[PDB]
């Protein structure tokens, strides 16, 4: 379900979890992972070299699913690739050797559902509240156009409205 170099996404603040969950129930959404605590360590060079290029690099641990990912996001906000990793500390030390060191951490509760080709990701962050992201994976930049708007069609059928859209990343929201 996670194949491709691009994650076409639309993110929204969620005003009621009840109606969101009813729609998930309505549309026969498949649960992939539910209520995982996700801890994301963001790494950068000592002069913020990656952020100066619109790139984020993260080591993510998700519990209790046990999933560990190395993620490189950017440049831009569709480009995203990740790799499952066995050992977060081994990868972190290897990256430190290359000059990347922890810069900050973002924690969240996350659930991920599927409806056909769409991912619906439901997040809760301590300060900030509830969010949902509609996303579609692709490997072909030559098809990015259709997908977004389609995340918009799906989001339109889903009760996630423009007035609630949130274009900022979590690092942007948190001042990192």
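Residue numbers count along the first chain shown, from 1.
- Stretches 22 to 30 and 39 to 47 differ in mean C-alpha B factor, with the higher average recorded for 22 to 30.
- In this entry, 141 to 149 has the higher mean Cα B-factor, the comparison being between 116 to 124 and 141 to 149.
- Per the deposited record, 77 carries the highest C-alpha B-factor of all listed residues (95, 106, 77, 82).
- Ranked by Cα temperature factor within the chain, residue 170 sits in the lowest third according to the deposited record.
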